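Consider the single chain below, provided in structure tokens and representing the form deposited in one PDB entry.
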């Protein structure tokens, strides 16, 4: 229920007015990349602030699955992106899910490297422009999500702040010291590497 998330955003990502929910959007995507260090073989995560107030997260995990999911008749990726808790990682006895980020984004770009192919899909408020599609060949595996947050959901503090992201990435590095984490700001060229 993408509308259900937009109806109750605080219940998923926190306060939508003081900047904290805005930055929790990034941390949800980063938490999904971090989980692949154990669930897959992720060794490197790159978090970039773009000049148009979007953030991307690139990992070298397994890649969000791309095959057609039988019940929905669309790619698994699309299901993961549009259906709350979908994807085989939610344990109702054990966070939020990339579908929450998609629901609360004006636009989301998804690029997956998996099974020899590059795959791409663009969403607007959680609605795909086209089915996931193959764009080329690759030997890599991984997932890149770049999102532009919805100004219908996020108010007041709406711009991403380098220092808020660096502080949480520095904590995450301490607890995941085998993963290379890079933060880059395209606006001014600032970067930090952890550990």
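Positions refer to the first chain, counted from 1. Each form is matched to the other, and the largest set of C-alpha atoms that superpose within 1.5 Å is called the rigid core.
Residue 106, modelled here, also has coordinates in every other compared entry of this protein that models residues flanking it, well short of the third needed to call it frequently missing. Note: missing coordinates for residue 94 occur in a third or more of the other compared entries bracketing this position. In this crystal structure, the stretch out of 69-77 and 111-119 whose C-alpha atoms carry the higher mean B factor is 69-77. Taking the PDB entry as given, 11-19 carries the higher mean Cα B factor of the two stretches 11-19 and 168-176. Highest CA B-factor among the listed residues (134, 144, 45, 157): 157.
In the deposited entry, the Cα temperature factor of residue 138 sits in the middle third of values across the chain's modelled residues. Annotation for residue 52: C-alpha temperature factor in the middle third relative to the rest of the modelled chain, per the entry. In this PDB entry, the Cα temperature factor of residue 33 sits in the bottom third of its chain's modelled residues, the lowest group. When all modelled residues of the chain are sorted by CA temperature factor, residue 63 is found within the lowest third. Ranked against the other modelled residues of its chain, the C-alpha B-factor of residue 130 as given in the entry falls in the middle third.
Absent from the display: the form deposited in another entry. The rest refers to it.
For the listed set 157, 134, 164, 39, the sole C-alpha moving 2 Å or more between this form and the one not shown on a rigid core superposition is that of 39. Here's the thing about residue 42 and residue 26: their CA atoms end up at least 3 Å farther apart in the other form than they are in this form. Between residue 184 and residue 38, the Cα spacing is smaller in the other form than in the shown form, differing by no less than 3 Å.
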